[PDB]
Ligand SMILES: [Cl-]
Ligand SMILES: [Cl-]
Ligand SMILES: [Cl-]
Ligand SMILES: [Mg+2]
Ligand SMILES: [Mg+2]
Ligand SMILES: [Mg+2]
Ligand SMILES: [Mg+2]
Ligand SMILES: [Mg+2]
Ligand SMILES: [Mg+2]
Ligand SMILES: [Mg+2]
Ligand SMILES: [Mg+2]
Ligand SMILES: [Mg+2]
Ligand code: NA
Ligand code: NA
Ligand code: NA
Ligand code: NA
Ligand code: NA
Ligand code: NA
Ligand SMILES: [Zn+2]
Ligand SMILES: [Zn+2]
Ligand SMILES: [Zn+2]
Ligand SMILES: [Zn+2]
Ligand SMILES: [Zn+2]
Ligand SMILES: [Zn+2]
């Protein structure tokens, strides 16, 4: 529109808080926050995670205790990540679909106690394989796509059976969203949402999560260099029946968030991963960055087009928003 | 290629949490601007029958009510003086009187509540004996460029009174650039200009005329025209507006959406007196639930508006706060 | 209509060769610009605690380290003088001192390494006693146009010292055109201007303030705003910038991508002190592998950046060379 | 953005090498190069090709020798083109799917020796027909589409059986990508890539290749005049399950490359064909053009949007890049 | 949703008639412009070894060959004088000599063949002792604005000689507007300007240098850059060019297509000496069929070019005529 | 691009023929022309058509005579329109698929005599029904869609059997392109093109054609007021397997031509119908318009994006072009 200085001075709107507030393009609210949480097998158990300062692994009872306050703060949903006892790992990943596995038990407990709180279970075989790869290995050590799906489908069904409102397949197998959706539909789980991890990269930013849960990748997770490829990933997942789509990691992939939102106009989520949390929190603890950087990081996801954010900062942010 | 039953759009609707996760727009108090009707005198409060629950207030009373507005976090007020009949003239000179209602109210509010935004109305219709939005020629037509000269003096007077934003509502061609030039020349470099860019010749304004004590088809836009609005806004952006506005509101949500999409600039919309009246009337009759107020406001957010001029601003801010 | 199992996106991922064939972006040393902190004096080297592995260097020491930078193929340096406290003033006059640190360092580097690009910082904050990015008025607000006058003299002084690029980081409106006019008028026809176009009011700058020995919401952009950045860059292109920049970096990759896509112009991004610190801290703690450095830089390429201002430039150039 | 001289002087960035380097939009790297290679039946055999100065036909053992250096140079992949003994040609093109045909043998030898090097086999009947047409002829002498596909499918399977990571159908039969993909999938060759020659023109630029391999076309290859048609070709091939799509010839069709990349955002390849190589090399040899024209020609493909380039200059370019 | 076997793209290919019906582009003689090398003297004809079948011709001989060109319907010639070594100078003054080869040839052709288009080359490289495309400063760099002054005088001299089109090939910034202003000021209101807008620093020019008897990376474009070309052409259109050109040709067909698509303006492309040589060489060796000539030219039409500067213009016009 | 007078004077290019020629955006050639022709049942028969001055109905032998010259002129194709004897009309339209109907006979005669000339047969029931409606009527007098298709399919097969290279379904039944394509494919007529009359309007401009062939419509032909609807029509026909798509009438619908070409980038044809021919020719004959209006009318179709034009002026235009 031929806007030219000095007729246009972009500073005028910035002059006063009230005008800054009037033109502010995006706001983060508690509607936008999803808290991931590492769940242990026992009773009366909490563990600190070395590479995620301030985040605890919680047994189910402890989860239920802390969830009262997450609920009170208005956090809409949790994303559960079980911490599988080593003795329950196997080459067939069968613990994935064990009806009394951690995820399944946590889910039923939370669904009963906090009926309005959303529960997003993780559909993935890496927490359950003795080797830690995101699926069933062939003789060469390659992750078999279609065979891994069969396990994933049985897992997802078990989650729906436990009452999960959302299942989130994080594996990066091709075709899995459609196979899971078909199974859910066949089984009558009409309303179970599927939150696809659509554009999940082969990233160095996951380091701490491995420490958190107790666990090559380039043959299934995406190359960091690729952008256009992410749109093809998403497109397939929407076609296959995903209700929501996700980019992971998050800040390092904000451009992807923006392209995905712009291209598909579908419910788009983003994961501020363990390494992102660790680097921010470590800097805040060292006195190198102000705590205000938490809300800045989260505001960036909204600005980029995310509808919702999986973030280990969800409770702190909710607290800050509520002020 | 999303297809039922693989895709069932009800799934995200099943639970409040999922509805919240996917909700595309939120209204907040940061979106609300309260228009106010300002009387001369002291201790004056007058009800408006066609705008139930809205009062015209003298300045002292405005300062009192403003305590609450500020407490609720409403970012700005839009002042509309109720000009005494005796102060109306052919030349509209009260528009730039340093002792006019708008200028006095501005000075009062700027002092008492320094963080509150004040948006003054730049317009000659409140000041003319004939009520037209400008100075007439000998054929009874509103002269564009001569009217701008008066508008410029008004705008300068508002800036001198401390207004952070002036909002030209006149629909004169070229007035945004002329006002901008004048502001700049005078050293008022940070006074915002909130252009009423796409202001339609509308029947929705009935009650406001009641409220302020006052056809426009040779200046106000034809309701039928939509492309025309883009041309209006493009010129006002080129001429230096800091924000652009569509008026009326809800009957023109398509315009809001086109303007936001085309220009990606700060976009405002006026939910006019007629809109407020319609909704109030229906609520008071028990024909609509009070929930319609937040619905109407959410519409503006959804259509692309950054801010909303609305007589519901206090009612809504209270509901949002809680 | 690509659909599984006819389309399996894993197939190109199966082998390194195919991953290489389809790889959409590559980082090279041609993408790297090293910011440097420059001290007055001789034989000075100072570690920065909040930026582990980065030192502030006096000019003689800078010349020494620069041998390696040049050997590694780093195309340019961005100089940031560490102004002695005694040289800060209300008028920011050290900004245009021919004997200032920046001007001296420029002259030294231009002579010793004629092919190395030197990008000077055009900004008044390093030179004011109050640390604000300009000259204050009597209300304590940074005056836009008066600050530009000082910026213009600074920019001319950098050109006189031989800088091939000046990078205005101030966030004054209109400053790119004013600097351009001045450069042109003076015969500095080929001095590039690298506008910091979309520079946000960010918490990520903490460590830099430590490094150079120094709110900005009335000039720096609101983190929440994205469309606004397009307007910023459009003006700076119109005003004559040769390259445009987004700052900070990684928290604003969406902005980089929007700016590249909209304008198709040379686009740069600053991976700021806070970003470097976060990553370094996590690497030193064993929380992240050192591979994150090239990942972070690749992100900027993927988002559309042509060049990256990064304190990792040497570490990355070494890794790329090998 | 209203950029106007003298405020905008596009020469400023060009003033110095460092700024030229900073704004340079595209770079060619060895990641972008695919070397086509003509493979003979014997042992200890090399032949010079008259119309491709500097390019040799190589027996398998010789191929393995030269490949050490292609590998050392970082060339990611080869595209194999067998030189069929005349005695092995027939009206049924059966040699195409012979498990001990040249392509199959070369493939197994290279897969074993250089496991990381990509092998792209040619799925085409023209090297195998007594007549040299790209398929099986009917009584009128027309190339039968669906009957030719059946042979092509058997060929592609035989290549996957030999270990090829990519099969590249170059025939221009309609529907072939889907038929090959279905067959590969049915057979369990889940990860064998299909590099479709999607927009392959009826071009005069192929002349030397006929000399190289020892071999109307307008009823299957595209009319040079047509652009929009190429987008329809590509679209079908992506829908049919191609992993990569290719334009051939290359320089003479750079506009097609750009439209294809822009429209589909998919992995896009381009073939700098025998006639392009010959005309450049002949000019360089005559002293008419500088050797720098090699990297200029290849940079154009990147600039146009190609991800990868099949080029007889791959070794020379790799050498030049490595300096 | 076109899908095999319902859609078989071979069907339209089955028969020549259907191929003709659907053919998207045709080359005609109206698309061809013949560049010519012009010698001083009388009765001179010189073969160029690196451009087999092309001769440099003195003016009298050019007039003779032109009879055939005109008979074949070739719309225009692009004249390239072969400057005597003794007429080259630091100041490039032969460029605007009314008695220069270009000016004489123009006058001769305008008289003898009034309907034939004459496109003169506006450029200083044929006239400088050093061969650079402009006037050098004391550092050996081509001064942009001083070179334009000489270019303007050249262009005026071509207009005075009767040229219907001047084609600035220099790659000076701003030269199209400066030449346009001058033409307009002088009353040359209908002299076309054919800007070489996107002219790359290319190895394809080798033979031309042979032909006319003569790095450029500080003015000619980097082969790697494509977005940059849009900026080049946008400026030249704004500055008043009537047609815009890409050079070289076939190695830059993506550029042609981007330029046509973006601007929808008259777009021309130069199939340069190196391109002609490559093709000729291969044809003479029996490596390519002569059909490649029409294929190469069709490519330019397909990419979006309106006109093609090509040394094959006569060969192709003969083939088309028949 | 900020082009402004007097720096930009759009007249400069117009100053001289040579520059007009250089920038001329579109050219009509004989490659673009398709001649419709009304074919009678007899021998040695020609009839003049009152409302189409200058156009004759021709028996097959006469058609073959005139076609030598159409061929000599380079006209690529004819579109045949038989003139059905009244005695051969019926409620079932069976004459449509009679192997010795006029169209079928003309086709075989022309295919044999002029093998390179394209023949486009008309797939339509209106020339064959006693009532003249474009299909089989129900009790209410409505044209039954799916029942009419069955006849159309049998017609099209009979045309392919006669050797037609293109069949052109002009009926405006929904779904017909797909049904015809399926049938052709099932029958092995792999290469028979289908030229869909995709956007065919309920127009007053067809008046003379009824006079020519010897023959409500608003329930199948399109409303003249509708534009967007034409894109939906076309889209369906491409999806159903049309090789070419057509707009009819022509000049009065040039906007449709442009939108269709722009939207689909597919081979697009346009019919300059009988009423368009009549009004031009009547004006030329009255001395009201110059003959140059013929090439102007045809140039408009090219300008609008048409690849080919069905026009009763094809011979005159070809003659004019050849000069
Ligand atoms: Cl007026
Ligand atoms: Cl200011
Ligand atoms: Cl210069
Ligand atoms: Mg307890
Ligand atoms: Mg996927
Ligand atoms: Mg207006
Ligand atoms: Mg700015
Ligand atoms: Mg040996
Ligand atoms: Mg195909
Ligand atoms: Mg230029
Ligand atoms: Mg006879
Ligand atoms: Mg239809
Ligand atoms: Na949200
Ligand atoms: Na707002
Ligand atoms: Na770069
Ligand atoms: Na590549
Ligand atoms: Na042309
Ligand atoms: Na055509
Ligand atoms: Zn996993
Ligand atoms: Zn008014
Ligand atoms: Zn600053
Ligand atoms: Zn073949
Ligand atoms: Zn030159
Ligand atoms: Zn019909």
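Since chain F takes its numbers from Swiss-Prot, the residues it shows come out as 6-220, 228-335.
Cβ coordinates come from backbone N, Cα and C, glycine included.
Pulled from Swiss-Prot, these are the features on record:
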type	residues	note
ACT_SITE	F:205	active site, schiff-base intermediate with substrate
ACT_SITE	F:260	active site, schiff-base intermediate with substrate
BINDING	F:215, F:229	5-aminolevulinate 1 binding site
BINDING	F:245	Mg(2+) binding site
BINDING	F:286, F:324	5-aminolevulinate 2 binding site
Quiz item: Could you tell me the C-alpha distance between residue F:286 (5-aminolevulinate 2 binding site) and residue F:205 (active site, schiff-base intermediate with substrate) in angstrom, no decimals?
Solution: 14
Quiz item: Considering only the recorded positions F:215, F:260, F:324, which residue has the minimal Cα-Cα separation from residue F:205 (active site, schiff-base intermediate with substrate)?
Solution: F:260
Quiz item: Once the chains shown are all counted, how many other Cβ atoms turn up within 10 Å of the Cβ of residue F:324 (5-aminolevulinate 2 binding site)?
Solution: 26
Exercise. Let me know the DSSP-derived helix, strand or coil state of residue F:324 (5-aminolevulinate 2 binding site), please.
Key: coil
Practice problem: Write out the long-range same-chain contacts of the residue listed as 'Mg(2+) binding site', meaning residues 6 or more apart in sequence whose Cβ is under 8 Å from its Cβ. | Solution: F:203, F:204, F:234
Practice problem: Could you round the CA separation between residue F:260 (active site, schiff-base intermediate with substrate) and residue F:324 (5-aminolevulinate 2 binding site) to a whole angstrom and send it over? | Solution: 14
Quiz prompt | Between residue F:324 (5-aminolevulinate 2 binding site) and residue F:215 (5-aminolevulinate 1 binding site): CA-CA distance (Å) | solution = 15
Exercise. Whole-number Å only: compute the distance from the Cα of residue F:229 (5-aminolevulinate 1 binding site) to the Cα of residue F:324 (5-aminolevulinate 2 binding site).
Key: 24
Self-check item: Densest Cβ neighbourhood among F:205, F:215 (recorded positions), 10 Å radius
Solution: F:205
Exercise. Go through F:229, F:260, the listed recorded positions, and name the one with the sparsest Cβ surroundings, counting other Cβ atoms within 10 Å.
Key: F:229
Quiz item: According to DSSP, which kind of secondary structure is residue F:260 (active site, schiff-base intermediate with substrate) found in, if we only use helix, strand and coil?
Solution: strand
Quiz item: Tell me, by DSSP, whether residue F:229 (5-aminolevulinate 1 binding site) is helix, strand or coil?
Solution: helix
Quiz prompt | Per DSSP, three-state class assigned to residue F:286 (5-aminolevulinate 2 binding site) | solution = helix
Exercise. Would you count the other C-beta atoms found within 10 angstroms of the C-beta of residue F:286 (5-aminolevulinate 2 binding site) for me?
Key: 26
